[PDB]
Every structure is written in C-alpha cells, then in structure tokens.
Amino acid sequence: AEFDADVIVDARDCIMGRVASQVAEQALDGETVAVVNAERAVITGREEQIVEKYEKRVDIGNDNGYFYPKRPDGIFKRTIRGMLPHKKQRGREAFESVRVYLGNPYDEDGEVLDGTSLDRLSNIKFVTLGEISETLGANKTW
Amino acid sequence: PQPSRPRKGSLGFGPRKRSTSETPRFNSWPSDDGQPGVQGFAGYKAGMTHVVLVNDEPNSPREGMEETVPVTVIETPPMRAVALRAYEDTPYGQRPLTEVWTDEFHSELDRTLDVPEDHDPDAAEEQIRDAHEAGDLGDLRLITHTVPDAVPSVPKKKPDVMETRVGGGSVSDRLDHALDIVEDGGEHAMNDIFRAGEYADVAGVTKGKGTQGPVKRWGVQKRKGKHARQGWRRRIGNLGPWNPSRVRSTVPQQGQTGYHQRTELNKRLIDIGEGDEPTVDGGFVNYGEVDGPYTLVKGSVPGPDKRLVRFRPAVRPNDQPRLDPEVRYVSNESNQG
Amino acid sequence: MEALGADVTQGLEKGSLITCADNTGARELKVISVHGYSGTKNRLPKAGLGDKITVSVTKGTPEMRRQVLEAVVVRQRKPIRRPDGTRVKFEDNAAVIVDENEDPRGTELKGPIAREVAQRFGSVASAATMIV
Amino acid sequence: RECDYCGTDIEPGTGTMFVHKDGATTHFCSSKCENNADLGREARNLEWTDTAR
RNA sequence: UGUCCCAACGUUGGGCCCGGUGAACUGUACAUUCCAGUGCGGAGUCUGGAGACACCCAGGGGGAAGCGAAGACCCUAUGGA
RNA sequence: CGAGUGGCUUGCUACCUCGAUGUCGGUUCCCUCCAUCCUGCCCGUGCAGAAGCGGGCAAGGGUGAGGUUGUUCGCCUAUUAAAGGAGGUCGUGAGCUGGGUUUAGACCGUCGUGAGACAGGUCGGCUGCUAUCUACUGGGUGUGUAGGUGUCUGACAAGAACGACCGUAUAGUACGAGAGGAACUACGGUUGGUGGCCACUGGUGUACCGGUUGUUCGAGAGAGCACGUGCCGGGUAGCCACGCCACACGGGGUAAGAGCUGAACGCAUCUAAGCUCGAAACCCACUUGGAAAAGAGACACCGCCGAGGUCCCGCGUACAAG
Ligand SMILES: [Cl-]
Ligand SMILES: [Cl-]
Ligand SMILES: [Cl-]
Ligand SMILES: [Cl-]
Ligand SMILES: [Cl-]
Ligand SMILES: [K+]
Ligand SMILES: [Mg+2]
Ligand SMILES: [Mg+2]
Ligand SMILES: [Mg+2]
Ligand SMILES: [Mg+2]
Ligand SMILES: [Mg+2]
Ligand SMILES: [Mg+2]
Ligand SMILES: [Mg+2]
Ligand SMILES: [Mg+2]
Ligand SMILES: [Mg+2]
Ligand SMILES: [Mg+2]
Ligand SMILES: [Mg+2]
Ligand SMILES: [Mg+2]
Ligand SMILES: [Mg+2]
Ligand SMILES: [Mg+2]
Ligand SMILES: [Mg+2]
Ligand SMILES: [Mg+2]
Ligand SMILES: [Mg+2]
Ligand SMILES: [Mg+2]
Ligand SMILES: [Mg+2]
Ligand SMILES: [Mg+2]
Ligand SMILES: [Mg+2]
Ligand code: NA
Ligand code: NA
Ligand code: NA
Ligand code: NA
Ligand code: NA
Ligand code: NA
Ligand code: NA
Ligand code: NA
Ligand code: NA
Ligand code: NA
Ligand code: NA
Ligand code: NA
Ligand code: NA
Ligand code: NA
Ligand code: NA
Ligand code: NA
C-alpha cells in the first residue's frame, strides 16, 4: 500500500532479465521503482529446462537455508537483487526502494522499458512467470 | 554390513516445541457440500470408559453382534457465536475484512476480551455484502467461545475464544445463515453440527511432559550389552559424521516433549447425550463428575483431562458414516480398582 | 490370511521351544520362522496364536527328531483378546505339525484349542476335542 | 457373567478367561483373584470373597 | 536371568534454583556461519553465493584436522646404551 | 578388436601432516548417490495361462533374523514383496567396544654359532580432558516493527506419514488337449513406520495393608533396625507397552510408453508446430512450524489518566532457571 514510485514499469510481455537489469540500473541512481504485472513477465527458452532450474533452486537448502520464492512477486524481486550489491549499505537502500507487484495496483498504465518487449508473433519458446510459479507449486492468487 | 532401518521418529511434527495456544487451531476446513453450517465445536476432556455396541459395519462378518469399544468422555456444553468475520481475497492471500457482533455477551466474556461498547453491525454488514458484489468475498467464519463455567469439573471460568468456519450452499446463503446464528445470542450446540455415527477430527494440545531424553522423545535405543554399563545408557552414538562438520536437525536430540498440537484424524462419534449416563463411580479421576451436554469419542483424544479439544467434521474420511449406532451398555464402574 | 477375529500379542520368538500337540511322534518343537512376517532391525521374530510357523523337531521318536516341518500355533501363555474385550490365556504354548495343504500330519490332537484357530485352519479344527 | 473364584458379577468388557491343561475354563474378574488362586487358597476361606459371604 | 526381543516404572547420591567458599586446563588476532569453489593437494578468516537482530539458560559432543605429549611407528646422524 | 566413464579395489607417485589429523572389525545415530534387489508405470519375448527371461522410466519407501569366523569378505539356515550396491577422513573412539594388527611375559615350528628373527601359529596384556568458539536440539531476556486485549492471515519451512504383504469374492472362471491357472473391481486382515491415549490386559508403584525370621524396648499391646522395603503376599493413583485409538481418495503436470492430427518429403510418420493419455516418483491436497516476512501484516473491540500488564496471594490442564 502506497509507494511513491518515481518510475512504474510494466513487465507484461517483457524479458524479465533485461528488465531487472535496467531497474537495478535506476534503483542505483536513487530511482524509486515499482514493477507491475509480474505474473505476465516472460523468460525465453525451453520450458521443461527453465523449470528444472527454478525447481532445483527450491530443493536447494539445508539448515542455514536458501529461501527461494515461488510467487512471481518474489521471483522477480530476487532476480533484481542479483543485479545489486544488496549487502553494501548503498545497494540495500537502492533495493529496498524498489518493489514488485502482482498486476497493477496503480492508476497509470506502467511503461515498457525500451528493448524489453518480446514479440509474440516471432517467438513461441518462452514462459510466463505465472506458469513457472504454478509449476513450482505456488498458490495462484493473482 | 549395516542392516537398513527407518529413522527414529517423524520429521513431520517439528519443530517439537511448546505450542502457542493451549487452544487448538485448525489449518484445514471441510468443503462446502450440503446446506449452510458451522464446521466445528469444542468441549473439555473428562475421561475413559467402554461402551458395549452392535457391530455396525455391513462388511464385518461379525455384523450385528456384541462388541466392546473404548470411549473418551468429553463435555460439550453449548458454545456461543459472538460475531461474523469475513475475509476478502487479495494477491497476498486472505485477510479479514470486518466483524459483525452482538450485544448479548456472556456474564464472563470480559475475563478474556475487551467486550465491545459501541459497534456498527449494519455498516460492516453493508461493507461485507459490497465486497461480495465486487467478487472479492473469501470465506466466512464466526468468532466462537465457550462456557467453562458450565462444566463444574473445569476450574476455569475465563472463556476459550476461537474461530470456526461456516460453509454452506452458496456464499449468500451462509452469509445470512451466519448473520442469523449471531443476531440472536450465538447460542448453538453439538447436535446442531454433529450427529452420532459420523466421523470427526479431534484436534488438541497433547499432555505435556517437560524436557526428555531422545529415547523417550525419538524412540532411539538405550545402549545394549556391555555398552550399557559404560557410562552412557540413554544417549546416541553420535551427533553426526565428520563432514559435514556440523550437527543436523534431522538428528534426534533432547528437548520439549508433549504440549504440542495434534489434529488426530477420523474420530467416530458414538453418541451425543446429556445427563450422567457416562459418569463413573467414585468420579472421573483427576477430573470429577459429568452431568450435562456431552459427546462420546471412540479411542483416544489429545490432551489430559480438563483440556479444551475442538471438533470438525472429518475432512478426509475413509468410511461412509454409519449413523446412530446402537448403544447397549455404557460402563459406569469405578476407574480406581 | 483370513482374520482371526481376535487380537493377539505374540508369545513366541524364533528359537522358542514348545509342545507338540498331537500323536505325530513329536514331543518338543523348536520355533524357527513365521510365515508372511518380516521384522525390523534387531527385533527378534515374534510368533503368536494362529500363525503358520516353521519348526525343528527337538524331542521325540528317532525318526521325527531333527525334521524341518511346518506347523500351527494352537495355544500360548500370553493373553489374547476377543471381540467382547475379555482376555484368553492358556496353560502352555503349543502347535500341531501340518503339511503343504495345511492338514494335520498326526491323527488326534491333545489338549484344547482356541476357537479362533478354527477359522484359519478348519482341517485342524474339525479334528479337535475341546475348542475354547 | 460371574467370577469362578470370588463369585462377584464380572463387568462386561473386563477380565481374563484362563484355560487349564485339562481344558476347563475359569473367568477371573481381576489380577487379585488370579494370584490369590495361584498361591493355593480356596475362595471359601477368604472372608472378603462373596463365595465366603 | 532385563544379556537381548524392547523397554518401563521405581529408590538413593548428584544433576537444576538460592546462600557461602572458590581453583585448573587453555588463549597470534579477528570470529553469527552455511554450500561450493580455490590454495603447500583436508579453509569460520581467500573467491562466489546463501543465510544471519543482540543477550542468555540447559543439553548431548558434529567441527575448530579441539586440548594433552618437540611421533613410540619410518628414515636420517661418520648419536647412545 | 575398438572408444570410453567412475574413483569401491589394487598398484604407482612422494604434493600435504612426523612440536602425533588415535588402528581394523563392530556398534550406534544422521544426510546422500543410482550403476534398481523388492515395490509403481512400461517394452520385447523363443509372450497361450501361470511362471519366467531381457530391456526402459523411476531413489517415495523397504531392503529384516540367525549358525562358524575378530574378521571385512564369504560359506550355511530358516523366513521374505526383496532380504541391491556405494559415498560421507575406506562417515562415527573429546560415543561405545577392544575380538584382530602392533609394546613389554611365555610356548611351538622354522632359521641362526649366538644375542635373536619370522608379512608362521598360540595364551596374557591400559582406552586421559571441568567445551572457550562454532554447530544443532529445546528453553528464556531485550531491542526493532511504533498504547492494549482477542481473533487471524501465510512469505516461506518440515513430513514417508504413510510403505508392503496375505486372505475372501471375481473363479476353479479367462486361457489351455491336459495339467495348471490369471485380472479389473469390492472387501477383510497382518506387518513396518508414524502420531496420541490409559476404559481394558500387563509392568511398576522402598504410598498403602497383611504374613513371617532374628534382635532390642521385661511380657502383652505397639514399635525400631536387618542398605537406603529383612524377607514374602496383595496392590490405588500416575507413568507406561507387551495395552488401546488414528494415519486416504482424488485432482494437476510429467518420464519410460501407448496414441491423435500433421508437415517438412503429394505418400508415409506419435513431433518438427499442436493435441490425448501415462509412474510408489513431481505439484496440490493433508499434518506440524511460522509477524524478525525490514514490503517487520490483517480485523475487531477497549484505551491514551487511564485499557491493559508486572509483583503479590491459593494453586496447576505448565514446569531444570525463566
Ligand atoms: Cl532450507
Ligand atoms: Cl553486496
Ligand atoms: Cl520461438
Ligand atoms: Cl549399544
Ligand atoms: Cl526367521
Ligand atoms: K603423521
Ligand atoms: Mg484406574
Ligand atoms: Mg477393574
Ligand atoms: Mg543385530
Ligand atoms: Mg565469504
Ligand atoms: Mg620429533
Ligand atoms: Mg624401529
Ligand atoms: Mg653403540
Ligand atoms: Mg612428502
Ligand atoms: Mg580430531
Ligand atoms: Mg537410471
Ligand atoms: Mg504370464
Ligand atoms: Mg532418498
Ligand atoms: Mg573410518
Ligand atoms: Mg557407513
Ligand atoms: Mg568423534
Ligand atoms: Mg579418543
Ligand atoms: Mg586384543
Ligand atoms: Mg586371543
Ligand atoms: Mg591377544
Ligand atoms: Mg570426557
Ligand atoms: Mg529400613
Ligand atoms: Na530469457
Ligand atoms: Na528453497
Ligand atoms: Na559404569
Ligand atoms: Na564413566
Ligand atoms: Na534390571
Ligand atoms: Na562440538
Ligand atoms: Na589408491
Ligand atoms: Na600438526
Ligand atoms: Na570401527
Ligand atoms: Na527408490
Ligand atoms: Na555370518
Ligand atoms: Na581418519
Ligand atoms: Na577412547
Ligand atoms: Na574404533
Ligand atoms: Na498422475
Ligand atoms: Na511485527
């Protein structure tokens, strides 16, 4: 509830990675970002493998633990984290000043960062975060 | 060559620690099949005795014969729905929306709660129906509590408040069914929900035993042969291998035992009566005398005598309910002897 | 096998010596195995009422001594439970040698036999004196 | 049923049915009665016994 | 015959909390780690990740190649007995 | 004959430790691998049936008990769905054990002039430490989130919470000359595991009651001591197990596989695009944990001079302190 985002990005049909990279880019310049419609974000490749990766990451852990998220909320933010020095006090701030959202809880339509948009007419091999999530066994709340 | 063997104890009731509420809390609920209704009750554990019965099971060759069954007596005096709680659907799970209360409060509901003085039972209702119009109305549950006073054997008076779920035909129907149950005074009883013969799930906080060794806590073996006269009698060989250079959690150690919550599955209801038909001679040891609203449960039940145990229509029943079983003889013979 | 219609608490172990309840020429029998039973690490193999066991002939006629034969538990000292809750214990532990089809190798049976034994082995039962 | 030692009515769903070497049957209502017979006592001499009352 | 199946309950002294008395071992430093990797080829301290709010009580000892003893085993010494 | 993979064995190498990283075997307790012994779904057959034989997916679960031997190994028995193999300093001695290897004593054989030797055999021959750090099991005190009471939510985490067998009917049926002899499905039970409970059976019960030996208080009455009850008989509560209760089905997605539609390639083709199905395995379901989830949550009510809480007092459904 209420996040004075300087920038509202729309992940719909966009390549998650490329997106998380540009967000990290801005969150480091102080920019208060909010990513929207994560469930509709996309990551290219062969589904059956892309999932193994994500599944494996869930199995991974022991006592200390390796908390890997399953919701398309977490998945995205965690991906963004990896593009930031989240442990240095400067990057923590940059991270925390960034938030991912399921759907669009805002009034304005999000914007699509350049070159992040995927062409559905030209690509058939890709996955919706939502699919992966449901696959991982997450509860489809969106 | 190291003969195989399953591990000692289950990693499914962990972490084996003290429970947060001496009152059990259900995680799952029965699906919305028949007419609108509350899906759970409660009462205080009284004790053990046997009831002689007629073999009900149509697939028992012995069908129709005498048969002695163990029964845990439990006092189930009428509980009271004091409000209707409604959750809404958000992309972050289910969250409470509001509550609609009454005015008629039990003379002692203040020993636990900060009983309401000025509530709006219409605007909340209003807001609820509005969420329903929108299509974001998640399930409906009533805040319920007991009358420990109603059970003399139970020393406590301070009511054990707790939320049970209402699920009926449509959502509208049970919203109303809910509203009405409340509006009056919230008073309801076992018969209202359950029926003898049916299968229910009895959740309860087990008898507490303090800190205990691994032998009693995980069912590991005491030392054997010569090993036992060596200075180690009730402790494992090792905490783990060299590497990983650490002690896992999967290894059985000393700790808290008992006073954990368990939702014991598929308990049959023999009979639901009232009066002293069940009570024993001398009196239910460490408990007292029973006389009033009760329920007879087949087998064991979590917790010691006097502990609150909740009921819920079995969510994963294996057998079809063989209603109102014939009760030929309920033993009243003393427990001491 | 078919239900005994009663709850048993095994009174025997592999290695237990018992009484041979028949005119077979066997007096003392030694338990050896338990048909259809696999234990768990360290647990010594338990045998109770109405169990088809495997036995070594301990004492008796020089023809019957040392013979590996099958048999059926017919009496034991540990209390076994009936439907109505009562308990039932015997004087001693015993079994009657049996063959492949499960028909007694001997002619007559000595001493009593629990009624629950009948339901699993009728051929042995229909040859009984007292059926308690 | 009735106890074949003491003679007190036996509570249904309670007891042991001892079977002797000859074949005879003896229902006891308690462990007290069993061990009182295993000593060599006869229900007649024991005063607390209903047989004796 | 509790050696074992297969453990239970009990007794006595400790154990635990309070008053009083009051040592030793051991200590390059830093030290909340875990999974991998890497290095004189067996890392809490390097590299990459993961995880980690601080303090405390009790425990059985997984790791510190834990502490104790300048290896008795092996070879070397223009050593000894 | 040719190409390789693993790092259980053996050997080679001499990088690492000789101011010491405790041996072999065993035990106990914990996680793992798959190159699968059983269990689930498949394929082929020299597949009638039943029973097998060979291969594929598959690591959920299981994989037990004993006789000789220090043995590992292995040989043998009876059971068994099957009684698979391997990694973790050939996992585990600041856990146990110490039977073997390998001190000092001694005997035999062999060798030797001899002291004495042996990759020959045999008898006897010790197991230190008060945990500082870390780690995990359980338990408390503070701080943060920024007044209190009660009820919640669920990021995530844990589960094997269940595995397997026998039997009845289907059936003396299908199939088969005959002998023999299935299945789907429905039931009942056992076993292993798991969680809880004590009406019942059993244990305990140096609470309690009784019998009795010795001795002392003169006798009697009533008592003390006899190791923490003299011994014996009985035994309540409770705690217990050898006692008793409870522990799915079904969906969703797939593998090996069986197929559909279908082109590249007019045809054909299960695959390339697309679609239907299909494993004890995977996701949900179900049980337990869980606002310190830093995005540090939600609701309701009370209260901010007063709601509520602590100490106090009598006690436990709780308990080593807390
Ligand atoms: Cl983890
Ligand atoms: Cl960083
Ligand atoms: Cl594509
Ligand atoms: Cl041991
Ligand atoms: Cl066997
Ligand atoms: K060395
Ligand atoms: Mg009792
Ligand atoms: Mg009784
Ligand atoms: Mg063993
Ligand atoms: Mg690091
Ligand atoms: Mg030196
Ligand atoms: Mg030397
Ligand atoms: Mg010299
Ligand atoms: Mg070297
Ligand atoms: Mg060491
Ligand atoms: Mg394979
Ligand atoms: Mg066949
Ligand atoms: Mg595994
Ligand atoms: Mg080793
Ligand atoms: Mg091992
Ligand atoms: Mg060690
Ligand atoms: Mg040592
Ligand atoms: Mg030795
Ligand atoms: Mg020797
Ligand atoms: Mg020796
Ligand atoms: Mg020590
Ligand atoms: Mg005394
Ligand atoms: Na991509
Ligand atoms: Na994970
Ligand atoms: Na000792
Ligand atoms: Na010791
Ligand atoms: Na003992
Ligand atoms: Na340690
Ligand atoms: Na080697
Ligand atoms: Na060293
Ligand atoms: Na060893
Ligand atoms: Na497997
Ligand atoms: Na052997
Ligand atoms: Na080592
Ligand atoms: Na040692
Ligand atoms: Na050892
Ligand atoms: Na499936
Ligand atoms: Na909080």
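Points to keep in mind about this one:
- The loop-placed GluC sites (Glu not before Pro) in the range A:72-114, going by DSSP, that have at most 13 neighbouring Cβ atoms within 10 Å of their Cβ come out as A:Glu108.
- Ordering B:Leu265, B:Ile181, B:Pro325 by the projection of their Cα atoms onto the charge dipole of chain B, which places +1 on the Cβ of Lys and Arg and -1 on the Cβ of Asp and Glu, puts B:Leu265 at the extreme positive end.
- When you filter the chymotrypsin sites (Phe, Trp or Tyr not before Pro) in the range A:32-97 for DSSP loop state and at most 13 other Cβ atoms inside 10 Å of their Cβ, you are left with A:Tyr66, A:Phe67.
- Positive-end extreme of charge dipole, chain A - chosen from A:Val100, A:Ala24, A:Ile132 (charges on Cβ): A:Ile132
- Expected-Rg normalisation [2.2 N^0.38 Å, Cα atoms] applied to the range A:25-109: 1.22
- Relative to the dominant Cα principal axis of chain B, helix B:171-184 is inclined by about 80°.
- Computed about the Cα centre, the dipole magnitude for chain B is approximately 5080 debye when only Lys and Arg (+1) and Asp and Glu (-1) carry charge, each at its Cβ.
- Shielding by partners - mean other protein chain Cβ count within 10 Å, residues of A:52-58: 0
- Long-range Cα-Cα pairs in chain C (distance over 22 Å), rounded percent: 31 percent
- Seen from every direction in turn and averaged, the convex hull around the alpha carbons of the range B:78-188 projects onto 7.6 nm².
- Annotation: amide H-H contacts under 5 Å for B:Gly292 (H modelled 1.01 Å from N, sequence separation of 5 or more, or interchain): B:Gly275, B:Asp276.
- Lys, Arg +1 and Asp, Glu -1 on Cβ, resulting dipole of chain C about Cα centre, debye, nearest 20: 660 debye
- Using only alpha-carbon positions in chain D, the gyration tensor eigenvalues give semi-axes of 17, 15, 9 Å once each is multiplied by 5 and square-rooted (largest first).
- A dipole drawn for chain B from +1 and -1 charges on Cβ atoms has a positive end, and of B:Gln127, B:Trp218, B:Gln230 the residue lying farthest that way is B:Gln230.
- For the range B:1-73, the list of GluC sites (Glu not before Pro) that fall in a loop by DSSP and count at most 16 other C-beta atoms within 10 angstrom reads B:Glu22, B:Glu63.
- Look at the stretch B:87-96: the mean tally of other chain Cβ atoms within 10 Å of its residues' Cβ atoms is 2.
- The sum of -39500 (n - 2.57) across all DSSP H runs of n ≥ 4, divided by the residue count of chain B, sets its helix-only mean residue ellipticity at 222 nm to -3000 deg cm²/dmol.
- About its Cα centre, the dipole of the protein assembly as shown is roughly 6600 debye, where the only charges are +1 on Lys and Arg Cβ and -1 on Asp and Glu Cβ.
No lab work stands behind these numbers, since they all come straight from the coordinates. Cβ atoms come from the backbone with ideal geometry, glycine included; neighbour counts cover every protein chain shown.
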